[PDB]
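Note that these values count all heavy atoms, side chains included, but never hydrogens, waters or copies made by symmetry. Within every chain, numbering begins at 1; the chains are lettered A, B, ... in the order of the sequence lines, protein sequences first and strands thereafter.
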There are 6 protein chains.
Amino acid sequence: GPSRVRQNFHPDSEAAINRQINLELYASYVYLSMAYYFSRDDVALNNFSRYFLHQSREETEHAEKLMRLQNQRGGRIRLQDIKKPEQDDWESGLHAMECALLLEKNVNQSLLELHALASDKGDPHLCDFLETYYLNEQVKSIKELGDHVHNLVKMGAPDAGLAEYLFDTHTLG
Amino acid sequence: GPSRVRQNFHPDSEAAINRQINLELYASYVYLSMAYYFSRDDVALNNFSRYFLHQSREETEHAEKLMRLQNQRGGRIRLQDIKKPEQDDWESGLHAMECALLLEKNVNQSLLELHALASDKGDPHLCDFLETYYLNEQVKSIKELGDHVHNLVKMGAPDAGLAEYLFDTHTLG
Amino acid sequence: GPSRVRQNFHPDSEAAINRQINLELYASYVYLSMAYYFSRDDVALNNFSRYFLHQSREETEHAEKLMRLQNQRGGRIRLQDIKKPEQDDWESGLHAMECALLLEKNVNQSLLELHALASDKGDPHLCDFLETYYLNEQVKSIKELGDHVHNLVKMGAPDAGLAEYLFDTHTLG
Amino acid sequence: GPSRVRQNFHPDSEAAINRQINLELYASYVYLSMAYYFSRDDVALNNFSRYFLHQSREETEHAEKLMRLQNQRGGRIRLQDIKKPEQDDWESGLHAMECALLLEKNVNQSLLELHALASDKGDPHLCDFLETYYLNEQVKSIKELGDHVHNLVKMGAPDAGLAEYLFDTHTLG
Amino acid sequence: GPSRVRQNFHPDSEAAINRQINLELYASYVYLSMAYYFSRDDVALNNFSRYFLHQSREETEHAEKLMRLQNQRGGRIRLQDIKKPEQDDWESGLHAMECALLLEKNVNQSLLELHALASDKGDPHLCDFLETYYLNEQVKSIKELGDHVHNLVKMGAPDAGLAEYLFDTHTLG
Amino acid sequence: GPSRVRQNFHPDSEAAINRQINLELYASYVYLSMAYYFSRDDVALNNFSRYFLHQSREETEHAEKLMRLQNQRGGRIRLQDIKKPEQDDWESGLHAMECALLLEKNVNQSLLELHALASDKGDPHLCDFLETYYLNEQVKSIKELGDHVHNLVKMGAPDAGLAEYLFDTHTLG
Ligand SMILES: [Cl-]
Ligand SMILES: [Cl-]
Ligand SMILES: [Cl-]
Ligand SMILES: [Cl-]
Ligand SMILES: [Cl-]
Ligand SMILES: [Cl-]
Ligand SMILES: [Cl-]
Ligand SMILES: [Cl-]
Ligand SMILES: [Cl-]
Ligand SMILES: [Cl-]
Ligand SMILES: [Cl-]
Ligand SMILES: [Cl-]
Ligand SMILES: [Cl-]
Ligand SMILES: [Cl-]
Ligand SMILES: [Cl-]
Ligand SMILES: [Cl-]
Ligand SMILES: [Cl-]
Ligand SMILES: [Cl-]
Ligand SMILES: [Cl-]
Ligand SMILES: [Cl-]
Ligand SMILES: [Cl-]
Ligand SMILES: [Cl-]
Ligand SMILES: [Cl-]
Ligand SMILES: [Cl-]
Ligand SMILES: [Cl-]
Ligand SMILES: [Cl-]
Ligand SMILES: [Cl-]
Ligand SMILES: [Cl-]
Ligand SMILES: [Cl-]
Ligand SMILES: [Cl-]
Ligand SMILES: [Cl-]
Ligand SMILES: [Fe+2]
Ligand SMILES: [Fe+2]
Ligand SMILES: [Fe+2]
Ligand SMILES: [Fe+2]
Ligand SMILES: [Fe+2]
Ligand SMILES: [Fe+2]
Ligand SMILES: [Fe+2]
Ligand SMILES: [Fe+2]
Ligand SMILES: [Fe+2]
Ligand SMILES: [Fe+2]
Ligand SMILES: [Fe+2]
Ligand SMILES: [Fe+2]
Ligand SMILES: [Fe+2]
Ligand SMILES: [Fe+2]
Ligand SMILES: [Fe+2]
Ligand SMILES: [Fe+2]
Ligand SMILES: [Fe+2]
Ligand SMILES: [Fe+2]
Ligand SMILES: [Fe+2]
Ligand SMILES: [Fe+2]
Ligand SMILES: [Fe+2]
Ligand SMILES: [Fe+2]
Ligand SMILES: [Fe+2]
Ligand SMILES: [Fe+2]
Ligand SMILES: [Fe+2]
Ligand SMILES: [Fe+2]
Ligand SMILES: [Fe+2]
Ligand SMILES: [Fe+2]
Ligand SMILES: [Fe+2]
Ligand SMILES: [Fe+2]
Ligand SMILES: [Fe+2]
Ligand SMILES: [Fe+2]
Ligand SMILES: [Fe+2]
Ligand SMILES: [Fe+2]
Ligand SMILES: [Fe+2]
Ligand SMILES: [Fe+2]
Ligand SMILES: [Fe+2]
Ligand SMILES: [Fe+2]
Ligand SMILES: [Fe+2]
Ligand SMILES: [Fe+2]
Ligand SMILES: [Fe+2]
Ligand SMILES: [Fe+2]
Ligand SMILES: [Fe+2]
Ligand SMILES: [Fe+2]
Ligand SMILES: [Mg+2]
Ligand SMILES: [Mg+2]
Ligand SMILES: [Mg+2]
Ligand SMILES: [Mg+2]
Ligand SMILES: [Mg+2]
Ligand SMILES: [Mg+2]
């Protein structure tokens, strides 16, 4: 108290990073839920399942990088409960993709708020960290999900019998 | 309703598997907390950190295998909040190992209760699943942690200045 | 309207990116003009030609990266006419290098203005994009052209009979 | 004045080659526009995008070969503005293919007019150049685009939800 | 006067970069002093020596990158005397590590001040340069030294006879 | 006091070695200054820059070997400030080479004085060390610089426009 490493690291930034860690862990859990929805016997879209599982693992990596940042800067990780996702039944491939797009935009907004706080506190290391490892990746993820939503809508998902199947086998395959 | 795949799968077993999924996810989170405790600048035992991180990832795999089992048998995954661990500050290498041993025994007791329920419901597939993938692994984990606790105690942890350092560098290295 | 991907992306930034796309395409065209000046039978400096052709292709890549950014962020590309360069006859190796240096400084000033707008609009993704892919590259290009102008001046270009020839064969070779 | 290389090269041919250079650069720009239309989040047909990008680059190569011809024969390149394409929004995969077919026929007509001028001026080198590098390539391009238009029409583009998607993934993939 | 390359480069930034060059050269010299302290016959901790020598060489690289930046931006390097370190006798492995941690924090503070000046002068190229090559590296160095100080303190350095020896042979080996 | 290793090592020799360490570090700094003079945008002789940078690194190695000798013999390194070089602007390739030749002769004279002291104190180990690692290397360096000065003078440096450029590209390339 303080850490022998701590420098130019505001307590508000430390707290905001703890909040972001929880949100990335929550996102990981939402994608985990989606992954195992798509491997139900009455859904059986294995490539949607693999897509969401990969996204889940990426979110865990994002959480871990923030935990490492907390330690690097001499802050103290404070974990909270990881809330369950809003649904177990994700209804359709299109619905899951739409929910994932909304989740990614919400996480993006949180990251932009974190960056604005880091700017306000004159913490260029934290600003650079978010820019280098988070902001670019979030924009790419949002774009990819937007693309997938568009194709599924155009193809006639969820009601058109062939749309999610063909998307599963071509795009996600 | 029911699943076209469901057979000899009691609703109580389905619910018990959902409870076990939550407990494995909780264990994953406890070990994640421990991993990042050991990479604090004022702890700095990197091999303890890597040990706990590996345990965290194993618990996620255990959770996922149960989720796959739920789908295979035609049950429906129902996720709940993942409670935060009991501590962020795990005090010492020995304390963390002792807490991990207790956690593993508690998870073991839950698995034995699950096996007893599966037996009572005449579900040999579920009994076999727990025996093949869980019970053996739990006994090995408990034994390993017992071994680590013993050596740390004998070496004079946590107060002896060299004990956790030497254990970090030899056994966990 | 708006794009399902669009977030924190101001219309002024979208318009400024369209202006920058046109300027990079214009730069590509200036360097293309220079490349084919140096392969005239009455100029015949093949390494100057290859140097400018490479610069032309780089500018097209810079334009394309901005077009991709526009799509990633949910803006809409709006192309305009690519104005012809100021000259077809670039007079000499030194003159071409001096014109290229001026062009690069002018494009740099535009990029700095874009960055200032992105800052004003609180768009750290766009700020990071320009910093990562544009600002560094522009400074290196300006420095390289400054170096080439200096050596050509010192060597006695354009009037000294051996200067552009020797520069063509050593530095650009 | 004249070039020490110039021989049997009529001023009208020199001017016509400059006009053709501009038209090939214009075609390159139309295909560039189309490429980035197909990577919009609300179009998201990546293989259409890659197809048009490849066509764009080919047109630049066609422009460059004419610029090299101008220099080889001792003419002087005179560049003009590259007009923006007729649209930024290309409406659909089928519409883009139909516009590309029309563009290729228009460029073909220009090349045939160039060949007729070269014939009239008794310039067999220029006639041979167009025959060897242009006329054959144009016929193949027109045929390919005709084939793609036919399949898209037959499949029910643009309104049939699966047609452009399936064409993107099979033919252009 | 000014450099033909200079653009958006304030004289205060140029002077601040010259000051930072001197500080990095000074840090290189402090670590050089420490390296050869640890190879004294009455200290003889070869891995501490190699650790500090490596840090010395890194600081020279940091100085050189700033010198290159000065030239890239058209500023003029102005070198000053490199002051001798505060000690020749660094007392112990722990003391050296503590002095190195303080040095790194002091250099970090200078870099943050440089970044704040670059921000104030609207120099995003210089801001990006410090973020990309300096700020991240400084945080990692401070964290590593904090970790080493902690382990040496816990192990009972400097008075405990085995602590620096065991640290030399395990962590730095 | 004395070192358990010290034998036949006079205090005057120990002090003279400390003086020589400072002079080699000073030479390293002069060559560093020269290296970055040659990469200025208004000098831009990259091979002169690389030549001087290599010489700088060699001088650091010479300093380090003396520091190791001090430790080997049980003397104590005492560092002093490294004075800045006499110039930041080195005027021309020829001027830099002439200044480097003078520096090398001055360092040589210091080494000969050190050898004479070692002889006077009956220290054949120190005499052998200077002969084996220093005297030969100094003579070769002086000869190389003499050769470079001669060619630059003969070629008409610094005023002849092609001389330093051609020397940069042939001899130093
Ligand atoms: Cl702080
Ligand atoms: Cl909570
Ligand atoms: Cl800041
Ligand atoms: Cl898609
Ligand atoms: Cl849509
Ligand atoms: Cl059943
Ligand atoms: Cl709960
Ligand atoms: Cl049974
Ligand atoms: Cl053990
Ligand atoms: Cl015990
Ligand atoms: Cl040991
Ligand atoms: Cl927006
Ligand atoms: Cl216009
Ligand atoms: Cl911002
Ligand atoms: Cl140059
Ligand atoms: Cl000049
Ligand atoms: Cl003619
Ligand atoms: Cl026009
Ligand atoms: Cl003919
Ligand atoms: Cl086809
Ligand atoms: Cl048809
Ligand atoms: Cl300026
Ligand atoms: Cl001073
Ligand atoms: Cl700025
Ligand atoms: Cl450590
Ligand atoms: Cl401590
Ligand atoms: Cl003695
Ligand atoms: Cl002094
Ligand atoms: Cl002797
Ligand atoms: Cl020579
Ligand atoms: Cl001479
Ligand atoms: Fe992803
Ligand atoms: Fe990843
Ligand atoms: Fe990945
Ligand atoms: Fe994330
Ligand atoms: Fe709840
Ligand atoms: Fe995400
Ligand atoms: Fe930045
Ligand atoms: Fe394990
Ligand atoms: Fe495993
Ligand atoms: Fe394992
Ligand atoms: Fe487990
Ligand atoms: Fe709670
Ligand atoms: Fe476990
Ligand atoms: Fe059994
Ligand atoms: Fe059994
Ligand atoms: Fe370039
Ligand atoms: Fe490139
Ligand atoms: Fe390149
Ligand atoms: Fe550019
Ligand atoms: Fe005009
Ligand atoms: Fe450029
Ligand atoms: Fe920034
Ligand atoms: Fe030559
Ligand atoms: Fe083609
Ligand atoms: Fe081609
Ligand atoms: Fe091709
Ligand atoms: Fe063409
Ligand atoms: Fe127009
Ligand atoms: Fe074409
Ligand atoms: Fe380091
Ligand atoms: Fe390095
Ligand atoms: Fe390194
Ligand atoms: Fe440094
Ligand atoms: Fe002093
Ligand atoms: Fe440092
Ligand atoms: Fe950055
Ligand atoms: Fe050991
Ligand atoms: Fe040398
Ligand atoms: Fe050497
Ligand atoms: Fe060497
Ligand atoms: Fe030397
Ligand atoms: Fe002085
Ligand atoms: Fe020397
Ligand atoms: Fe000898
Ligand atoms: Mg939250
Ligand atoms: Mg429970
Ligand atoms: Mg413009
Ligand atoms: Mg036309
Ligand atoms: Mg200072
Ligand atoms: Mg001296």
Side-chain angles (χ1 to χ4, degrees), chain A residues 3-5 71 74, chain B residues 37-51 89-97 148-173, chain E residues 30-31 33-56 85-105 140-173, chain F residues 3-5 71:
Chain A
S3 177
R4 83 173 34 98
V5 306
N71 280 341
Chain B
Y37 171 78
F38 286 104
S39 60
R40 285 170 46 156
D41 74 273
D42 64 355
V43 183
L45 296 167
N46 187 57
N47 293 320
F48 276 82
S49 175
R50 287 174 51 253
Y51 177 75
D89 190 316
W90 291 99
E91 305 171 37
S92 71
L94 172 62
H95 184 73
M97 288 289 177
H148 294 346
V149 168
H150 167 72
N151 274 287
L152 284 170
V153 168
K154 173 57 190 169
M155 292 165 76
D159 291 347
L162 298 180
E164 295 190 359
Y165 180 85
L166 288 172
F167 186 83
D168 175 274
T169 48
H170 300 83
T171 298
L172 302 181
Chain E
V30 171
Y31 282 128
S33 176
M34 291 181 177
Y36 284 83
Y37 171 78
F38 286 104
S39 60
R40 285 170 46 156
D41 74 273
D42 64 355
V43 183
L45 296 167
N46 187 57
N47 293 320
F48 276 82
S49 175
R50 287 174 51 253
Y51 177 75
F52 287 123
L53 192 59
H54 178 65
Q55 306 310 312
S56 179
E86 285 301 298
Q87 299 175 248
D88 298 281
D89 190 316
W90 291 99
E91 305 171 37
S92 71
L94 172 62
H95 184 73
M97 288 289 177
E98 289 178 350
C99 288
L101 173 59
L102 177 56
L103 166 69
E104 289 294 329
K105 294 189 87 172
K140 293 183 154 44
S141 293
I142 290 162
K143 174 63 163 55
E144 176 179 282
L145 288 164
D147 289 354
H148 294 346
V149 168
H150 167 72
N151 274 287
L152 284 170
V153 168
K154 173 57 190 169
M155 292 165 76
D159 291 347
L162 298 180
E164 295 190 359
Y165 180 85
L166 288 172
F167 186 83
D168 175 274
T169 48
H170 300 83
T171 298
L172 302 181
Chain F
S3 177
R4 83 173 34 98
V5 306
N71 280 341

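Looking only at side-chain heavy atoms (C-beta outward), B:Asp41 and E:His150 stay at 4.5 Å or farther from each other. In this structure the side chain of E:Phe48 never reaches within 4.5 angstrom of the side chain of E:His148, judged on heavy atoms. By the 4.5 Å heavy-atom criterion applied to side chains, E:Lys105 and A:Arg4 are not counted as neighbours. By the 4.5 Å heavy-atom criterion applied to side chains, E:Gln55 and E:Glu144 are counted as neighbours. Looking at heavy atoms from C-beta onward, E:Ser33 lies out of side-chain contact with E:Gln87 at the 4.5 angstrom threshold. Contact of the B:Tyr165 side chain with the E:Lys154 side chain is not registered, since no non-hydrogen atoms from C-beta on lie closer than 4.5 Å. E:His95 has its side chain out of reach of E:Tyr37: every pair of non-hydrogen atoms, C-beta onward, lies at least 4.5 Å apart. No side-chain heavy atom of B:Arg50 sits less than 4.5 Å from a side-chain heavy atom of B:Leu172.
The two residues E:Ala100 and E:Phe52 come nearest to each other via the heavy atoms CB-CE2, 4.2 Å. Considering every non-hydrogen atom in both E:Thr169 and E:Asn47, the closest pair reads CA-ND2, 4.3 Å. When all heavy atoms of E:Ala160 and E:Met155 are compared, the pair lying nearest together is CB-O, 3.9 Å. Closest of all the heavy-atom pairs between B:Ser39 and A:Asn71 is OG-ND2, 3.1 Å.
Looking only at distances, a side-chain donor or acceptor of B:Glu164 sits under 3.5 Å from a matching main-chain atom of B:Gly93. In this structure, the side chain of E:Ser49 does not engage the main chain of E:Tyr36 through any donor-acceptor pair within 3.5 Å.
Rounded to the nearest 0.5 angstrom, B:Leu162 CG and B:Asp168 CG are separated by 12.5 Å. For the atom pair CG of E:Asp147 and CD1 of E:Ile142, the computed distance is 12.0 Å after rounding to the nearest 0.5 Å.
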**Item:** E:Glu91 vs E:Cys99, side-chain contact (heavy atoms from CB on, under 4.5 Å): CA-CA, chis, key distance, verdict
**Value:** CA-CA 11 Å; E:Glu91 305 171 37; E:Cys99 288; over 6 Å; no
**Trace of the side-chain contact (heavy atoms from CB on, under 4.5 Å) decision for E:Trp90 with E:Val30** = CA-CA 10 Å; E:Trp90 291 99; E:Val30 171; 4.1 Å; yes
**Item:** Test side-chain contact (heavy atoms from CB on, under 4.5 Å) applied to B:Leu94 and B:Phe167, step by step
**Value:** CA-CA 10 Å; B:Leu94 172 62; B:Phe167 186 83; over 6 Å; no
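Contacts of B:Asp159 classified as salt bridge (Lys or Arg N to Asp or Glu O under 4.0 Å), with partners at least two apart in sequence or in another chain: none. Residues meeting the side-chain hydrogen bond (donor to acceptor under 3.5 Å, both in side chains) test with B:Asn151, sequence neighbours left out: none. Annotation: salt bridge (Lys or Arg N to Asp or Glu O under 4.0 Å) contacts of E:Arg40 (sequence neighbours excluded): E:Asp42, E:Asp89.
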